[PDB]
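What the coordinates show
Listed below are the residues making up each chain.
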Amino acid sequence: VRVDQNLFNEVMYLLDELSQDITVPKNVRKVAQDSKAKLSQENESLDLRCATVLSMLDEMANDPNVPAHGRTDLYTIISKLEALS
């Protein structure tokens, strides 16, 4: 319980921060927006929500327009989702 909810809480906070971060590209903010909505789709299985979000964030982490600090922010979130999955 605790271990998964602390990871989930951190992922939501970090995605919210990323969505508001003017130092990463528009498309990264939008993916962060869509990710946090997907994780909030309380009618769908968590493992499933996480898989879709992991796919979305991985795509962004591989976009060469993303600045180094934004890539690390993406990897931090990915790393918590893979621990939660």
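How each quantity is defined
- Residues numbered from 1 in each chain as written, not as in the entry; some residues may be left out.
- Heavy atoms only, no water.
- Salt bridge = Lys/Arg side-chain N within 4 Å of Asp/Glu carboxyl O.
- Helix = DSSP H or I, 4+ residues; strand = E, 2+ residues; numbered from the N terminus.
- Buried < 20%, exposed > 50% of the residue type's maximum accessible area, 1.4 Å probe, protein only.
- Axes fitted to C-alpha atoms, helices over the stretch in contact; angles between N-to-C directions.
- Parallel < 35°, antiparallel > 145°, perpendicular 65-115°, else oblique.
- Left-handed = near helix turned anticlockwise from the far one by under 90°.
- Contact = heavy atoms within 4.5 Å.
- Nonpolar A, V, L, I, M, F, W, Y, C, P; charged D, E, K, R; others polar.
- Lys, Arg positive; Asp, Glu negative; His and termini not counted.

- Looking at the entry header, you'll see X-ray crystallography listed as the method and 1.300 Å as the resolution.

Considerations on the pattern of salt bridges
- Counted under the stated rule, the structure contains four salt bridges.
- Taking the shortest distance from any N to any O, the salt bridge between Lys80 and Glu10 comes out at 2.8 Å. Placement of the pair is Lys80 in helix 4 (residues 68-84) and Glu10 in helix 1 (residues 2-19), with a sequence separation of 70 residues.
- Residue classification places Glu10 among the partly exposed positions, given a relative accessible area of 33%.
- Across the pair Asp16 and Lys36 runs a salt bridge, and its minimum N-O distance is 3.8 Å. Taken together, the residues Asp16 in helix 1 and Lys36 in helix 2 (residues 26-39) connect sequence positions 20 residues apart.

Observations concerning the packing of helix 3 (residues 46-61) against helix 4
- In contact at an axis separation of 10 Å, helix 3 and helix 4 are set at 160 degrees when each is read in the N-to-C sense. Looking at the two axes, helix 3 sits roughly antiparallel to helix 4. The two elements helix 3 and helix 4 cross, and the hand of that crossing is left-handed. Residue-level contacts link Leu46, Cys50, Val53, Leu54, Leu57, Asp58, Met60 and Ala61 of helix 3 to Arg71, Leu74, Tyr75, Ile77, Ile78, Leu81, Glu82 and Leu84 of helix 4.
- Of the residues contributing to the contact of helix 3 with helix 4, the split by class is 13 nonpolar, no polar and three charged.

Some thoughts on the side chain of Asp21
- Looking at the secondary structure, you find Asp21 in the loop between helix 1 and helix 2.
- At 6.5 Å, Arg29 is the nearest oppositely charged side chain to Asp21, a buried residue that forms no salt bridge.
- If sequence neighbours within four positions are ignored, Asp21 has contacts with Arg29, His69 and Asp73.

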